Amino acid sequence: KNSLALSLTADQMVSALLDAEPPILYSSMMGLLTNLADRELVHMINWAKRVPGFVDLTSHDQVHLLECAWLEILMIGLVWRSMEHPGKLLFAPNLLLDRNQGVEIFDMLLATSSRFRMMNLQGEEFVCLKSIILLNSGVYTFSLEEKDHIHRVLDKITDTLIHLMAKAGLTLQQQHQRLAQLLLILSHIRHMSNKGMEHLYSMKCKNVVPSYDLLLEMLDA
């Protein structure tokens, strides 16, 4: 493809993703969280359309990626928002919870926030990671041209991460180490998403996960 996305510099990629960032939204615990997530989803769709390369995909492939990524995306945002509140999860500025208000999944989310803190994760890195989640989470479960495009965009995001690190003065060795540390946390975000989904099902909340058709209609709108 002669795609605009593939011509982007590291700086343009960061700029696009920072510009696409949704606002931090305000708020029965499950009731509150469901209402918040539902409002977040609307923003997520519109954000996804702004991730470079995402709209080059067929509508079907866009929906597939969103279906596979949505809860991981919510989670990573939660973790980012909570990074400067040790021991707490900032679901919203008016819904900031500690463990006691929880717990298995709460504890996993808190450990991720601690990891982000210990690594001094930067906003520019965060937005790259969130975009990787969107592009990567569904890419192994899809056509050939689409997968190739996704992987080329993913490679651009890698290049962008490395450029950011090099600009901040990290040595080559530090760059590769940090890249790996950031990407390895994604496996834990996937794990938490799967546990979350298993828990949404266990609480009889199958209804609240967005369907293929819901996402499709939301993308078209």
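The first residue of the sequence shown is number 1, and the count goes up from there.
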Gap at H199 across at least one third of the other PDB entries: no
Going from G102 to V103, the deposited residues skipped in the model number 4 to 9
As recorded in the PDB entry, how many deposited residues are without coordinates between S27 and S28: none, 1 to 3, 4 to 9, or 10 or more? 10 or more
Entry B factor averaged over C-alpha atoms, 11-19 against 206-214: higher for 206-214
Per the PDB record, is the mean Cα temperature factor higher over 181-189 or over 162-170? 162-170
What's the residue among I132, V139, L90, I76 with the greatest CA temperature factor in the PDB record? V139
Comparing C-alpha B-factors across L32, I157, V51, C68 in this entry, the winner is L32
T112 by Cα B-factor - lowest, middle or highest third of the modelled chain: lowest
Of the three thirds of its chain by CA temperature factor, lowest, middle or highest, which one includes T58? highest
Of the three thirds of its chain by CA temperature factor, lowest, middle or highest, which one includes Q122? lowest
Sorting the chain's CA B-factors, does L95 end up in the lowest, middle or highest third? highest
Chain-relative CA temperature factor third for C128: lowest
